[PDB]
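Form deposited in one PDB entry, single chain, as structure tokens, below.
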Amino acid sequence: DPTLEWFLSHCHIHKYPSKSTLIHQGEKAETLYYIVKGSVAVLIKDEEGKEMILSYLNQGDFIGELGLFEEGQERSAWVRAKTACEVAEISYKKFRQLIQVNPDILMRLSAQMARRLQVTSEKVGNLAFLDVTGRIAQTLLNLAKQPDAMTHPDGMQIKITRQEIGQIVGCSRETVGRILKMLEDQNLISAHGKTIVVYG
């Protein structure tokens, strides 16, 4: 993309090791990010530390954009590297200037914000309409469709901790274990620790 390589030429690339935190919730937002390589997890915490993953973001996604349209904004969530990342970065101020010379870069940003509101809205619906089992089931099918999913004779095989499934759907690690077990007894999946074969 012509608009992207141009935008990236005004950015300073930073690398982050896996598991590090790129953005800290509560801090002043003055910088925009863009994932050149790798993936991250956007998450929020309650008053007592419980974590909920709002979304995963990968190659080609902007991050830290919510503070751009108004002064004195704080990061709305935490962002941690899921894999080692290579992230381009640029101050809001300089980005606002590129928007003036070319509004097409703001168009790329908004396209993702729109998509984010659509998917976060769908997550509101899952938390309100589906029980924990329905939410886990849907999560498993989503993961089984992803790129990093391995092929298997009876479906697709995925690797994930019960802690992270619990963080995505909103339940304890113990609850995830009990439901995985129930889905297995129904012959819908095969669970062996962190390995899950989703039949299909």
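Note that residue numbering begins at 1 and tracks the sequence as displayed. Rigid core (definition): largest C-alpha set, two forms, superposition within 1.5 Å.
Below, we turn to the form deposited in another entry, even though it does not appear here.
- Following superposition on the rigid core between this form and the one not shown, the residue from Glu27, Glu30, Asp154, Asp131 with a C-alpha displacement of 2 angstroms or more is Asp154, and no other.
- The two forms, fitted on the rigid core, differ between this form and the one not shown by less than 2 Å at the CA of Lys45.
- The Cα position of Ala144 differs by 2 Å or more between this form and the one not shown after fitting on the rigid core.
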